[PDB]
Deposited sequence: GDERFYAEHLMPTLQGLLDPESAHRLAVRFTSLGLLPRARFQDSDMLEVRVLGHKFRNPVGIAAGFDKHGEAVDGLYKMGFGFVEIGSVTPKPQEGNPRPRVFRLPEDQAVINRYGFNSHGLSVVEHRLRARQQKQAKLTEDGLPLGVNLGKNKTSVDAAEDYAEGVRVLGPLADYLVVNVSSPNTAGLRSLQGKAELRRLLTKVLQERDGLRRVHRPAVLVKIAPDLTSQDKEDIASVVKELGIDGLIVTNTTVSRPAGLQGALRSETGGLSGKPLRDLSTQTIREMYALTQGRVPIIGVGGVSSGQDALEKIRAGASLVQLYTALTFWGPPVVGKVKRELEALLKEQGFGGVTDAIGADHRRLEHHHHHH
């Protein structure tokens, strides 16, 4: 299957369908379990004391509305992140709003937080809440990424609503700094927002109390990164997700659509994300777990992020080019590399470039 998807089926499908139509179909195929279905003990990771069967997750934006979670576990992901979910439903930007850059192994998107909204997602997750508890117990956690509505004037209150409504259904919640596709996205205001989010989380009953992570852009200044690291440590934010898509356009992009507005993902992002992880790990003294994301398509890509300071990784864009078999490929390849490089497991490699 790995070669067949990569060389034949996915290229052919790219030809037939626009990428958004393809995404919609993929979410329906995955929700139906139209996939084949052990991970090595080497791949197990405990992050904040909680088990992950393997360190490879699906990034936010694939299953925006929580429709395909079980199918994603079936695909081999060690954890699933849904969202972003906004408090009220919203349509997002006009179509077309997703663009392939095949020559670059990249995508540009400007979805604009299209979302079924908190209530719909809440009911979807409730339908399977106990099943998720068992999965989480078995090493397959669920994350929920929270957004804000386009027309909201109080961003903190949108995020607070999301904590209250979906927090009780989540292992972890994510607050983005960092969508490029919502207008408006100092350190005192960042602190204010996060304090409110944490206070809401802290108010949930313990069985229903998620971790809270902040997801950042690759496009931050050095000052912004220092400031985030400082706030995260001061408030005791649980983790970081590093990174979202980039609004930069690195030199050398070849795709005809390179100058479309949106966030760029895939291969062109990869090393910018890895370098962001490396910086955030250093700034937080290795004490804050990082989920590393951006341009992971192989075991080497994953290990590079882990060795830079990621405890876990996610991928999305690689699926669009390689299909579902990429998940197994990344995990087999990572296991092989860890052995070659002398690591006992994933855990031993975390932050190794820094010297621990």
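- Note: segments 1, 39 to 41, 190 to 193, 365 to 372 of the deposited sequence have no C-alpha coordinates in the structure.
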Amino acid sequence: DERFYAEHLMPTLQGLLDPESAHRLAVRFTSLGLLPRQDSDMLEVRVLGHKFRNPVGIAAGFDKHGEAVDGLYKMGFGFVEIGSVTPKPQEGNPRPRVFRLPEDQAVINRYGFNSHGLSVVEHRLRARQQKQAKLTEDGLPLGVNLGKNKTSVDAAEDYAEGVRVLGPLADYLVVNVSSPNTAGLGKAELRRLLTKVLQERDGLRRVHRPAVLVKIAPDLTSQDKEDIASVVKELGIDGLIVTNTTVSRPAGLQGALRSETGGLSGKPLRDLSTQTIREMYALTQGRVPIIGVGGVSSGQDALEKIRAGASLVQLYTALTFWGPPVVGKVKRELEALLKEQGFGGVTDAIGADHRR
From here on, numbers count along this sequence of modelled residues.
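Only the largest set of C-alpha atoms that superpose within 1.5 Å between the two forms is called the rigid core.
- Looking at 244 to 252 and 186 to 194, the one farther from the shown form in 9 other deposited structures of this protein by average CA distance, after a rigid core fit, turns out to be 186 to 194.
- Comparing 268 to 276 with 170 to 178 by root mean square Cα distance to the shown form in 9 other deposited structures of this protein, with the rigid core used for the fit, gives 170 to 178 as the more displaced stretch.
- A summary of the deposited B-factors shows that, of 330 to 338 and 8 to 16, the stretch with the larger mean C-alpha value is 8 to 16.
- Comparing 147 to 155 with 258 to 266, the higher mean C-alpha B-factor in the PDB entry belongs to 147 to 155.
- For the set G239, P141, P89, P94, the PDB entry assigns the largest Cα B-factor to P94.
- For the set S298, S40, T30, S311, the PDB entry puts the maximum C-alpha B factor at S40.
- In the deposited entry, the Cα temperature factor of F321 sits in the top third of values across the chain's modelled residues.
- Looking at the C-alpha B-factors along this chain, the one for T274 belongs to the lowest third.
- Residue-level temperature factors show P289 in the lowest third of its chain, judged at the C-alpha atom.
- The PDB entry assigns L303 a C-alpha temperature factor belonging to the middle third of its chain's modelled residues.
- Among the modelled residues of its chain, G61 has a C-alpha B-factor that falls in the lowest third according to the deposited record.
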